[PDB]
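Dropping query13.pdb in here (PDB, C-alpha atoms and all ligand atoms):
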ATOM      1  CA  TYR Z1316       8.184   7.716-100.921  1.00  0.00           C
ATOM      2  CA  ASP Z1317      10.735   7.419 -98.079  1.00  0.00           C
ATOM      3  CA  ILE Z1318      13.301   4.940 -99.395  1.00  0.00           C
ATOM      4  CA  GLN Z1319      14.701   4.338 -95.897  1.00  0.00           C
ATOM      5  CA  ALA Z1320      11.405   3.851 -94.009  1.00  0.00           C
ATOM      6  CA  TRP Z1321      11.469   0.071 -94.249  1.00  0.00           C
ATOM      7  CA  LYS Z1322      14.247  -0.207 -91.678  1.00  0.00           C
ATOM      8  CA  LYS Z1323      12.339   1.193 -88.699  1.00  0.00           C
ATOM      9  CA  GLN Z1324       9.199  -0.595 -89.963  1.00  0.00           C
ATOM     10  CA  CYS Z1325      11.137  -3.882 -89.855  1.00  0.00           C
ATOM     11  CA  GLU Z1326      12.532  -3.071 -86.409  1.00  0.00           C
ATOM     12  CA  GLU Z1327       8.992  -2.548 -85.176  1.00  0.00           C
ATOM     13  CA  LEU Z1328       7.719  -5.703 -86.793  1.00  0.00           C
ATOM     14  CA  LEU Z1329      10.593  -7.650 -85.188  1.00  0.00           C
ATOM     15  CA  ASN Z1330       9.541  -6.127 -81.814  1.00  0.00           C
ATOM     16  CA  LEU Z1331       6.021  -7.467 -82.391  1.00  0.00           C
ATOM     17  CA  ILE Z1332       7.403 -10.876 -83.370  1.00  0.00           C
ATOM     18  CA  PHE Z1333       9.584 -11.050 -80.246  1.00  0.00           C
ATOM     19  CA  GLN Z1334       6.497 -10.320 -78.112  1.00  0.00           C
ATOM     20  CA  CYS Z1335       4.538 -13.148 -79.830  1.00  0.00           C
ATOM     21  CA  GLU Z1336       4.680 -16.418 -77.859  1.00  0.00           C
ATOM     22  CA  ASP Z1337       4.841 -18.212 -81.212  1.00  0.00           C
ATOM     23  CA  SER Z1338       8.327 -16.783 -81.795  1.00  0.00           C
ATOM     24  CA  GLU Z1339       9.967 -18.375 -78.736  1.00  0.00           C
ATOM     25  CA  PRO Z1340      11.494 -21.385 -80.633  1.00  0.00           C
ATOM     26  CA  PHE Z1341      12.886 -19.001 -83.263  1.00  0.00           C
ATOM     27  CA  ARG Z1342      14.352 -16.154 -81.212  1.00  0.00           C
ATOM     28  CA  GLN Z1343      17.804 -17.616 -80.957  1.00  0.00           C
ATOM     29  CA  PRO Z1344      19.639 -20.203 -83.076  1.00  0.00           C
ATOM     30  CA  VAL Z1345      18.260 -23.753 -82.691  1.00  0.00           C
ATOM     31  CA  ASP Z1346      20.143 -25.377 -79.805  1.00  0.00           C
ATOM     32  CA  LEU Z1347      22.354 -27.984 -81.451  1.00  0.00           C
ATOM     33  CA  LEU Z1348      22.795 -29.891 -78.162  1.00  0.00           C
ATOM     34  CA  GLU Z1349      18.968 -30.324 -77.919  1.00  0.00           C
ATOM     35  CA  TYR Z1350      18.670 -31.273 -81.643  1.00  0.00           C
ATOM     36  CA  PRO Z1351      21.948 -33.037 -82.529  1.00  0.00           C
ATOM     37  CA  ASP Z1352      20.918 -33.896 -86.094  1.00  0.00           C
ATOM     38  CA  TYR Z1353      19.833 -30.323 -86.934  1.00  0.00           C
ATOM     39  CA  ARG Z1354      22.790 -29.495 -89.209  1.00  0.00           C
ATOM     40  CA  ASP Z1355      22.336 -32.829 -91.022  1.00  0.00           C
ATOM     41  CA  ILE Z1356      19.031 -31.466 -92.350  1.00  0.00           C
ATOM     42  CA  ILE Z1357      19.430 -27.698 -92.204  1.00  0.00           C
ATOM     43  CA  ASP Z1358      22.139 -26.064 -94.309  1.00  0.00           C
ATOM     44  CA  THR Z1359      21.618 -22.494 -93.151  1.00  0.00           C
ATOM     45  CA  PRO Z1360      20.301 -21.880 -89.680  1.00  0.00           C
ATOM     46  CA  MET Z1361      18.404 -18.626 -89.205  1.00  0.00           C
ATOM     47  CA  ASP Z1362      16.650 -17.012 -86.251  1.00  0.00           C
ATOM     48  CA  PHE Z1363      15.044 -13.674 -85.366  1.00  0.00           C
ATOM     49  CA  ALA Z1364      17.969 -12.408 -83.254  1.00  0.00           C
ATOM     50  CA  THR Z1365      20.277 -12.939 -86.242  1.00  0.00           C
ATOM     51  CA  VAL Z1366      17.796 -11.093 -88.481  1.00  0.00           C
ATOM     52  CA  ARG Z1367      17.551  -8.215 -86.000  1.00  0.00           C
ATOM     53  CA  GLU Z1368      21.330  -8.047 -85.597  1.00  0.00           C
ATOM     54  CA  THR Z1369      21.846  -8.060 -89.372  1.00  0.00           C
ATOM     55  CA  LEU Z1370      19.344  -5.240 -89.703  1.00  0.00           C
ATOM     56  CA  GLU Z1371      20.837  -3.231 -86.832  1.00  0.00           C
ATOM     57  CA  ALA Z1372      24.355  -3.660 -88.195  1.00  0.00           C
ATOM     58  CA  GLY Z1373      23.232  -2.058 -91.474  1.00  0.00           C
ATOM     59  CA  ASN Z1374      23.750  -5.299 -93.361  1.00  0.00           C
ATOM     60  CA  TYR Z1375      20.441  -5.463 -95.180  1.00  0.00           C
ATOM     61  CA  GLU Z1376      20.212  -3.319 -98.324  1.00  0.00           C
ATOM     62  CA  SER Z1377      16.417  -3.794 -98.699  1.00  0.00           C
ATOM     63  CA  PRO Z1378      13.423  -5.261 -96.872  1.00  0.00           C
ATOM     64  CA  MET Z1379      13.367  -8.038 -99.524  1.00  0.00           C
ATOM     65  CA  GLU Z1380      16.701  -9.306 -98.125  1.00  0.00           C
ATOM     66  CA  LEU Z1381      15.281  -9.290 -94.589  1.00  0.00           C
ATOM     67  CA  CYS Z1382      12.165 -11.056 -95.868  1.00  0.00           C
ATOM     68  CA  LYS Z1383      14.313 -13.802 -97.472  1.00  0.00           C
ATOM     69  CA  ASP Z1384      16.010 -14.446 -94.077  1.00  0.00           C
ATOM     70  CA  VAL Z1385      12.737 -14.476 -92.172  1.00  0.00           C
ATOM     71  CA  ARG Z1386      11.256 -16.871 -94.725  1.00  0.00           C
ATOM     72  CA  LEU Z1387      14.321 -19.092 -94.189  1.00  0.00           C
ATOM     73  CA  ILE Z1388      13.387 -19.366 -90.453  1.00  0.00           C
ATOM     74  CA  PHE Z1389      10.032 -20.754 -91.566  1.00  0.00           C
ATOM     75  CA  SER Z1390      11.331 -23.030 -94.291  1.00  0.00           C
ATOM     76  CA  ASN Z1391      13.902 -24.426 -91.831  1.00  0.00           C
ATOM     77  CA  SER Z1392      11.091 -25.273 -89.404  1.00  0.00           C
ATOM     78  CA  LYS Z1393       9.141 -26.959 -92.210  1.00  0.00           C
ATOM     79  CA  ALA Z1394      12.214 -28.930 -93.263  1.00  0.00           C
ATOM     80  CA  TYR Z1395      13.243 -29.981 -89.734  1.00  0.00           C
ATOM     81  CA  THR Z1396       9.829 -30.875 -88.379  1.00  0.00           C
ATOM     82  CA  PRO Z1397       9.157 -34.602 -88.037  1.00  0.00           C
ATOM     83  CA  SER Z1398       5.457 -33.788 -88.459  1.00  0.00           C
ATOM     84  CA  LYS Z1399       3.301 -31.136 -90.060  1.00  0.00           C
ATOM     85  CA  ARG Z1400       1.300 -31.251 -86.793  1.00  0.00           C
ATOM     86  CA  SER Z1401       4.300 -30.659 -84.488  1.00  0.00           C
ATOM     87  CA  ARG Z1402       4.062 -27.936 -81.859  1.00  0.00           C
ATOM     88  CA  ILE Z1403       7.044 -25.897 -83.112  1.00  0.00           C
ATOM     89  CA  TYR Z1404       6.075 -26.202 -86.767  1.00  0.00           C
ATOM     90  CA  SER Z1405       2.473 -25.159 -85.923  1.00  0.00           C
ATOM     91  CA  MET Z1406       3.889 -22.064 -84.159  1.00  0.00           C
ATOM     92  CA  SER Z1407       5.961 -21.331 -87.281  1.00  0.00           C
ATOM     93  CA  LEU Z1408       2.862 -21.381 -89.495  1.00  0.00           C
ATOM     94  CA  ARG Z1409       0.995 -18.885 -87.339  1.00  0.00           C
ATOM     95  CA  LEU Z1410       4.057 -16.677 -87.044  1.00  0.00           C
ATOM     96  CA  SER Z1411       4.562 -16.854 -90.806  1.00  0.00           C
ATOM     97  CA  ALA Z1412       0.983 -15.703 -91.484  1.00  0.00           C
ATOM     98  CA  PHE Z1413       1.469 -12.831 -89.036  1.00  0.00           C
ATOM     99  CA  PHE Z1414       4.798 -11.859 -90.651  1.00  0.00           C
ATOM    100  CA  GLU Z1415       3.458 -12.045 -94.205  1.00  0.00           C
ATOM    101  CA  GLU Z1416       0.416  -9.942 -93.370  1.00  0.00           C
ATOM    102  CA  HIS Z1417       2.621  -7.230 -91.830  1.00  0.00           C
ATOM    103  CA  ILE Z1418       5.569  -7.262 -94.272  1.00  0.00           C
ATOM    104  CA  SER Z1419       3.397  -6.809 -97.378  1.00  0.00           C
ATOM    105  CA  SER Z1420       2.981  -3.041 -96.907  1.00  0.00           C
ATOM    106  CA  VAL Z1421       6.650  -2.603 -95.998  1.00  0.00           C
ATOM    107  CA  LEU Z1422       7.674  -4.216 -99.293  1.00  0.00           C
ATOM    108  CA  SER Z1423       5.041  -2.306-101.262  1.00  0.00           C
ATOM    109  CA  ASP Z1424       6.051   1.042 -99.782  1.00  0.00           C
ATOM    110  CA  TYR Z1425       9.742   0.393-100.396  1.00  0.00           C
ATOM    111  CA  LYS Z1426       9.192  -0.627-104.002  1.00  0.00           C
ATOM    112  CA  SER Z1427       6.962   2.384-104.566  1.00  0.00           C
ATOM    113  CA  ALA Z1428       9.683   4.649-103.096  1.00  0.00           C
ATOM    114  CA  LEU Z1429      12.318   3.199-105.424  1.00  0.00           C
ATOM    115  CA  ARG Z1430      10.029   3.639-108.434  1.00  0.00           C
ATOM    116  CA  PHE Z1431       9.350   7.258-107.475  1.00  0.00           C
ATOM    117  CA  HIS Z1432      13.079   7.860-107.138  1.00  0.00           C
ATOM    118  CA  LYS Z1433      13.720   6.316-110.576  1.00  0.00           C
ATOM    119  CA  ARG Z1434      10.920   8.418-112.119  1.00  0.00           C
TER     120      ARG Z1434
HETATM  121  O1  LIG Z1501       8.835 -28.986 -85.322  1.00  0.00           O
HETATM  122  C1  LIG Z1501       9.767 -29.206 -84.535  1.00  0.00           C
HETATM  123  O2  LIG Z1501       9.690 -30.115 -83.573  1.00  0.00           O
HETATM  124  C2  LIG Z1501      11.066 -28.435 -84.606  1.00  0.00           C
HETATM  125  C3  LIG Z1501      12.070 -28.621 -83.652  1.00  0.00           C
HETATM  126  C4  LIG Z1501      13.192 -27.812 -83.634  1.00  0.00           C
HETATM  127  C5  LIG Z1501      13.339 -26.808 -84.565  1.00  0.00           C
HETATM  128  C6  LIG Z1501      12.359 -26.594 -85.519  1.00  0.00           C
HETATM  129  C7  LIG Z1501      11.225 -27.398 -85.550  1.00  0.00           C
HETATM  130  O3  LIG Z1501      10.293 -27.145 -86.511  1.00  0.00           O
END
Structure re-expressed in structure tokens:
Amino acid sequence: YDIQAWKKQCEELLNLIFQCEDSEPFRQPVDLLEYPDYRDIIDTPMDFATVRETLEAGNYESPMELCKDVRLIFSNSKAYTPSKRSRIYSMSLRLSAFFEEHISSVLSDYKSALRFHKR
């Protein structure tokens, strides 16, 4: 029932993601010189370094907020891809499955901690 435990759990999950080869296209903001039409399709760029920095700055109030930003990295890849069989989009799908399988317990534990506190 540790209400604060999600933060270190998310830091550790981000460490695992940064080690994953599938995260390489998503570690830093999409290079706008390499993809000049990116902002014509994507309204809100997001990347894992931004997520980590937001977390480290103390600017997430809950793991659900972090999860919304990570999910935005994946939805941006899905929206920008010219093909559902592209290399970068295929990496995003694997990385998304890995993230979802690991974040589930972080969210569950946080929500359980809040409920225990309210009780
Ligand atoms: O699928 C792609 O080719 C792609 C390229 C740049 C950024 C995100 C992407 O999904």
The PyMOL selection byres (((chain Z and resi 1321-1333) around 7) and not hetatm) applied to the shown file, residues as a PyMOL selection string: chain Z and resi 1319-1320+1334-1335+1338+1378+1421+1425
For a quick check of understanding, using all atoms listed in the file, which of Z:1337, Z:1343, Z:1364, Z:1402 has the smallest distance to ligand LIG 1501 (chain Z)? Z:1402
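Near ligand LIG 1501 (chain Z), at a distance of at most 9 Å and with only C-alpha atoms and all ligand atoms counted, sit the residues residues 1340, 1341, 1345, 1346, 1349, 1350, 1353, 1388, 1389, 1390, 1391, 1392, 1393, 1394, 1395, 1396, 1397, 1398, 1399, 1400, 1401, 1402, 1403, 1404, 1405, 1406 and 1407 of chain Z.
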Preceding selection exported with C-alpha atoms as a PDB file, keeping the file's coordinate frame:
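Result saved to result.pdb:
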ATOM      1  CA  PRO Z1340      11.494 -21.385 -80.633  1.00  0.00           C
ATOM      2  CA  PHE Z1341      12.886 -19.001 -83.263  1.00  0.00           C
ATOM      3  CA  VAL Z1345      18.260 -23.753 -82.691  1.00  0.00           C
ATOM      4  CA  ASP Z1346      20.143 -25.377 -79.805  1.00  0.00           C
ATOM      5  CA  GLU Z1349      18.968 -30.324 -77.919  1.00  0.00           C
ATOM      6  CA  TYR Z1350      18.670 -31.273 -81.643  1.00  0.00           C
ATOM      7  CA  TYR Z1353      19.833 -30.323 -86.934  1.00  0.00           C
ATOM      8  CA  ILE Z1388      13.387 -19.366 -90.453  1.00  0.00           C
ATOM      9  CA  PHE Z1389      10.032 -20.754 -91.566  1.00  0.00           C
ATOM     10  CA  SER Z1390      11.331 -23.030 -94.291  1.00  0.00           C
ATOM     11  CA  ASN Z1391      13.902 -24.426 -91.831  1.00  0.00           C
ATOM     12  CA  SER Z1392      11.091 -25.273 -89.404  1.00  0.00           C
ATOM     13  CA  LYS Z1393       9.141 -26.959 -92.210  1.00  0.00           C
ATOM     14  CA  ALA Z1394      12.214 -28.930 -93.263  1.00  0.00           C
ATOM     15  CA  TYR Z1395      13.243 -29.981 -89.734  1.00  0.00           C
ATOM     16  CA  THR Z1396       9.829 -30.875 -88.379  1.00  0.00           C
ATOM     17  CA  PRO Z1397       9.157 -34.602 -88.037  1.00  0.00           C
ATOM     18  CA  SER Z1398       5.457 -33.788 -88.459  1.00  0.00           C
ATOM     19  CA  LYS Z1399       3.301 -31.136 -90.060  1.00  0.00           C
ATOM     20  CA  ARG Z1400       1.300 -31.251 -86.793  1.00  0.00           C
ATOM     21  CA  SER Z1401       4.300 -30.659 -84.488  1.00  0.00           C
ATOM     22  CA  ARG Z1402       4.062 -27.936 -81.859  1.00  0.00           C
ATOM     23  CA  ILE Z1403       7.044 -25.897 -83.112  1.00  0.00           C
ATOM     24  CA  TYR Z1404       6.075 -26.202 -86.767  1.00  0.00           C
ATOM     25  CA  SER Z1405       2.473 -25.159 -85.923  1.00  0.00           C
ATOM     26  CA  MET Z1406       3.889 -22.064 -84.159  1.00  0.00           C
ATOM     27  CA  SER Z1407       5.961 -21.331 -87.281  1.00  0.00           C
TER      28      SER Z1407
END
Kindly resolve the PyMOL selection byres (((chain Z and resi 1415) around 12) and not hetatm) on the present coordinates and return the residues as a tab-separated table (two decimals) with C-alpha atoms, keeping the file's coordinate frame.
chain	number	residue	atom	x	y	z
Z	1328	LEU	CA	7.72	-5.70	-86.79
Z	1332	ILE	CA	7.40	-10.88	-83.37
Z	1379	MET	CA	13.37	-8.04	-99.52
Z	1382	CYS	CA	12.16	-11.06	-95.87
Z	1383	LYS	CA	14.31	-13.80	-97.47
Z	1385	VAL	CA	12.74	-14.48	-92.17
Z	1386	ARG	CA	11.26	-16.87	-94.72
Z	1389	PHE	CA	10.03	-20.75	-91.57
Z	1407	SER	CA	5.96	-21.33	-87.28
Z	1408	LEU	CA	2.86	-21.38	-89.50
Z	1409	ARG	CA	1.00	-18.89	-87.34
Z	1410	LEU	CA	4.06	-16.68	-87.04
Z	1411	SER	CA	4.56	-16.85	-90.81
Z	1412	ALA	CA	0.98	-15.70	-91.48
Z	1413	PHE	CA	1.47	-12.83	-89.04
Z	1414	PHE	CA	4.80	-11.86	-90.65
Z	1416	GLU	CA	0.42	-9.94	-93.37
Z	1417	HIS	CA	2.62	-7.23	-91.83
Z	1418	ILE	CA	5.57	-7.26	-94.27
Z	1419	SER	CA	3.40	-6.81	-97.38
Z	1420	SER	CA	2.98	-3.04	-96.91
Z	1421	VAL	CA	6.65	-2.60	-96.00
Z	1422	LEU	CA	7.67	-4.22	-99.29
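Between atom CA of residue Z:1376 and atom CA of residue Z:1361 the separation is 17.9 Å.
Atom CA of residue Z:1384 is found 22.8 Å from atom CA of residue Z:1317.
Distance-wise, atom CA of residue Z:1377 and atom CA of residue Z:1423 end up 11.8 Å apart.
When only C-alpha atoms are used to measure the gap to residue Z:1316, the shortest distance among Z:1339, Z:1362, Z:1434, Z:1427 belongs to Z:1427.
When all atoms listed in the file are used to measure the gap to residue Z:1365, the shortest distance among Z:1387, Z:1431, Z:1348, Z:1342 belongs to Z:1342.
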As AutoDock Vina command-line options, what would the box around stretch 1335-1352 of chain Z look like: edges along x, y and z, 5 Å added on every side, centre and edge lengths in Å to one decimal?
--center_x 13.7 --center_y -23.5 --center_z -82.0 --size_x 28.3 --size_y 30.7 --size_z 18.2
Could you write stretch 1339-1353 of chain Z as a PDB file, in the frame of the given file, with N, CA and C atoms rebuilt where they are missing?
ATOM      1  N   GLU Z1339       8.964 -17.871 -79.678  1.00  0.00           N
ATOM      2  CA  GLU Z1339       9.967 -18.375 -78.736  1.00  0.00           C
ATOM      3  C   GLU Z1339      10.939 -19.420 -79.312  1.00  0.00           C
ATOM      4  N   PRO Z1340      10.515 -20.423 -80.094  1.00  0.00           N
ATOM      5  CA  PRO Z1340      11.494 -21.385 -80.633  1.00  0.00           C
ATOM      6  C   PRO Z1340      12.448 -20.815 -81.665  1.00  0.00           C
ATOM      7  N   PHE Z1341      12.178 -19.608 -82.145  1.00  0.00           N
ATOM      8  CA  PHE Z1341      12.886 -19.001 -83.263  1.00  0.00           C
ATOM      9  C   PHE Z1341      13.638 -17.754 -82.900  1.00  0.00           C
ATOM     10  N   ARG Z1342      13.686 -17.389 -81.622  1.00  0.00           N
ATOM     11  CA  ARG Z1342      14.352 -16.154 -81.212  1.00  0.00           C
ATOM     12  C   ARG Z1342      15.829 -16.238 -81.248  1.00  0.00           C
ATOM     13  N   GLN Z1343      16.380 -17.391 -80.985  1.00  0.00           N
ATOM     14  CA  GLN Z1343      17.804 -17.616 -80.957  1.00  0.00           C
ATOM     15  C   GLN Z1343      18.089 -18.809 -81.833  1.00  0.00           C
ATOM     16  N   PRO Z1344      19.339 -19.013 -82.274  1.00  0.00           N
ATOM     17  CA  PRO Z1344      19.639 -20.203 -83.076  1.00  0.00           C
ATOM     18  C   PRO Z1344      19.154 -21.486 -82.406  1.00  0.00           C
ATOM     19  N   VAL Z1345      18.659 -22.440 -83.207  1.00  0.00           N
ATOM     20  CA  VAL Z1345      18.260 -23.753 -82.691  1.00  0.00           C
ATOM     21  C   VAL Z1345      19.433 -24.377 -81.926  1.00  0.00           C
ATOM     22  N   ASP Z1346      19.153 -24.811 -80.711  1.00  0.00           N
ATOM     23  CA  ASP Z1346      20.143 -25.377 -79.805  1.00  0.00           C
ATOM     24  C   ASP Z1346      20.589 -26.725 -80.342  1.00  0.00           C
ATOM     25  N   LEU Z1347      21.806 -26.777 -80.848  1.00  0.00           N
ATOM     26  CA  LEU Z1347      22.354 -27.984 -81.451  1.00  0.00           C
ATOM     27  C   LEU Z1347      22.597 -29.124 -80.466  1.00  0.00           C
ATOM     28  N   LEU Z1348      22.662 -28.825 -79.162  1.00  0.00           N
ATOM     29  CA  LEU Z1348      22.795 -29.891 -78.162  1.00  0.00           C
ATOM     30  C   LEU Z1348      21.436 -30.567 -77.909  1.00  0.00           C
ATOM     31  N   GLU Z1349      20.335 -29.813 -78.055  1.00  0.00           N
ATOM     32  CA  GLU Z1349      18.968 -30.324 -77.919  1.00  0.00           C
ATOM     33  C   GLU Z1349      18.496 -31.052 -79.192  1.00  0.00           C
ATOM     34  N   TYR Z1350      19.042 -30.679 -80.359  1.00  0.00           N
ATOM     35  CA  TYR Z1350      18.670 -31.273 -81.643  1.00  0.00           C
ATOM     36  C   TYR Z1350      19.955 -31.638 -82.382  1.00  0.00           C
ATOM     37  N   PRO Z1351      20.609 -32.740 -81.984  1.00  0.00           N
ATOM     38  CA  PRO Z1351      21.948 -33.037 -82.529  1.00  0.00           C
ATOM     39  C   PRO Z1351      22.050 -33.290 -84.027  1.00  0.00           C
ATOM     40  N   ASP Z1352      20.940 -33.647 -84.655  1.00  0.00           N
ATOM     41  CA  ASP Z1352      20.918 -33.896 -86.094  1.00  0.00           C
ATOM     42  C   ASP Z1352      20.504 -32.660 -86.904  1.00  0.00           C
ATOM     43  N   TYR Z1353      20.318 -31.511 -86.265  1.00  0.00           N
ATOM     44  CA  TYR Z1353      19.833 -30.323 -86.934  1.00  0.00           C
ATOM     45  C   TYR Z1353      20.632 -29.940 -88.172  1.00  0.00           C
TER      46      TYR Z1353
END
